[PDB]
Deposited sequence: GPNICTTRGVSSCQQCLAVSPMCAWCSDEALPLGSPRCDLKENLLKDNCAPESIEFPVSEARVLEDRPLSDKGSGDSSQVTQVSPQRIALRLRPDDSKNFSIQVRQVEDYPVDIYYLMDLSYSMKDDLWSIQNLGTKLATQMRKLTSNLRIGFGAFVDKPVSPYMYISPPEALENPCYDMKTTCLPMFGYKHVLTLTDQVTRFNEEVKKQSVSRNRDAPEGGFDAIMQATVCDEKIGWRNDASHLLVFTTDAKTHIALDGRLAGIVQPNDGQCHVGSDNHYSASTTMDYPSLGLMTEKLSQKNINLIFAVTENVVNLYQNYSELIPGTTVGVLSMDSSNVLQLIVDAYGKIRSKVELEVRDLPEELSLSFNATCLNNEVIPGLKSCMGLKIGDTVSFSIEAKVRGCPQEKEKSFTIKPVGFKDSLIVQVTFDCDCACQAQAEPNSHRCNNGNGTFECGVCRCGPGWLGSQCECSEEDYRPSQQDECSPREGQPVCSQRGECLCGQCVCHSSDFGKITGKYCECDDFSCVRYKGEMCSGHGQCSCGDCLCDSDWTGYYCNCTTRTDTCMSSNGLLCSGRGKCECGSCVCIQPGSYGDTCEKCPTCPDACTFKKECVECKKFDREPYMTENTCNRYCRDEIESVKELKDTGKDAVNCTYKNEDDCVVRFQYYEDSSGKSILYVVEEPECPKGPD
């Protein structure tokens, strides 16, 4: 023998809803360290927990489009900052606040060229003078003075450009890689609100303007606070934006106007962990937009890896509700700020290679706290051995993120995605990438389809008999909250008029007739209007 071990090493414990932690150095992830000595071809298991610590300090950077159309916008936003704090105060003690402005690369085809020189200065045609072209200006780093925000902003002036699509991806990048200027707190919840009404320049668009150097991803600002390489460096690729977003734990929010909404969602679908919120024409809607995303931001625990030797492979079996588990996943949604979850990982090397510290990390997307795992290896014609398909020799040792005898099977769940996020629409189980529906009379890649399945008025029934009656199942399995995410409410006598939702009716344990209504609009609504005082048998 030569036992494989997983000696835990450092482990402050989750800081039970203690964001302002007075010298308790706030921790959200259970064991801040650990170490495993893997022998050849042997695996080892270890748990990992992470919590959404209450009263966690927020950092919010206001990056808005400064095009002429953002005239009305810059009006009902000057009052913000102060208006913002009051709402965010009921969610955090230390709230940092910053601002930033962009429009588009101040250059040749995007900028108003240089027709008369009487143009490098204004919006000449229409008599309404404005500021020249800038692209990315940084005014007001993140500070305490939520009022001082109202200052800079009232002092902000609009501009104008020829091209419809603005050059924001450039800003979104600097306002991230440039931590020092922006002032991002280490232990804090970073936010980057991105407001706009127009399309946008992606990478390679800048070839027209004569820019062939691709975004390096570095911080490019000078003493003056204007993105210096704007005119000499192409817009960043959707991927580099990603790589850098995760690396600085910045949360991108897309507050955009309905006209260009649907477009920014697919950009989100490519930038995981990104949030999109329907912004307003006048932009007053902005805070009730920010304070909504925060919720979304802190309601998921996507566990992310980093580095990790090729030889060892991690397998997860997440669990985020009353110890009922869900083998395969390594993330969780539907959590309220303060809840704790665990994951349980499993390292495993395919034939110990050569030594070194080999240290990789593990942590949830967005968090600073992480589980640093330092691995060490205690181990110091043909070959019908297969059928191939990544399958090696010996007698078929599958590769990382590949399982099964033939090495047929996968470890991927992304395939088993869905619109609502939940694995296999919640009617089936992910099996080697492809869902295998626990058939209630349904089908489809993710079991999405089920024309034969009972109307929602039979799915929600259990919800109003729970969150409004303290009865029925889910009240029994303790899964009434995390599950019935829906926000019910008692309708003052009669209910809604809006014919864009459905009204139900049913008999409760009490033999009374409940009448409710399932609705859903603007920013992902789903209220369950319940007529107060059901009709019970009189006597």
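- Against the full deposited sequence, the model leaves out several stretches, namely 1 to 54, 435 to 531, 691 to 692.
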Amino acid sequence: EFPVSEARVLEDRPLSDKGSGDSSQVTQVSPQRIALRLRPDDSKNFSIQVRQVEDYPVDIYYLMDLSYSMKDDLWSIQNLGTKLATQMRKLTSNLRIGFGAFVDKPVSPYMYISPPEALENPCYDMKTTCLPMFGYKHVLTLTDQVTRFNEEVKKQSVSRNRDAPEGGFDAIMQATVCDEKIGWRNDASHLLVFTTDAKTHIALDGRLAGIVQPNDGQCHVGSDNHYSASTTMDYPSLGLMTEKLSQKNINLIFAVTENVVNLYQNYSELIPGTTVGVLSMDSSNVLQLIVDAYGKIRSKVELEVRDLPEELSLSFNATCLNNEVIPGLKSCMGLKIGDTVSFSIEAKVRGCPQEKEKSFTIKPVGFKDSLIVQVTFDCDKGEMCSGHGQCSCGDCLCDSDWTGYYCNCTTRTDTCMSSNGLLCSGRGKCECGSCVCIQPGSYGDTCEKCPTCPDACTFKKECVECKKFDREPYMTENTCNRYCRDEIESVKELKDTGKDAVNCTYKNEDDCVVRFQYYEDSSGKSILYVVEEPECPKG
From here on, numbers count along this sequence of modelled residues.
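- Once the C-alpha B-factors are averaged per stretch, 6 to 14 and 524 to 532 rank with 524 to 532 first.
- Higher mean CA B-factor, judged across 414 to 422 and 210 to 218 from the recorded values: 414 to 422.
- Note on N251, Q247, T458, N79: the highest value goes to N79, judged by CA B factor as recorded.
- The maximum CA B-factor among the listed residues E493, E54, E509, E489, taken from the PDB record, is found at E493.
- The deposited CA B-factor of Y474 belongs to the highest third of values across its chain.
- When the modelled residues of the chain are ordered by C-alpha B-factor, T403 sits in the middle third.
- Sort the chain's modelled residues by C-alpha temperature factor and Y518 lands in the middle third, per the entry.
- The deposited CA B-factor of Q49 belongs to the lowest third of values across its chain.
- Among the modelled residues of its chain, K499 has a C-alpha B-factor that falls in the highest third according to the deposited record.
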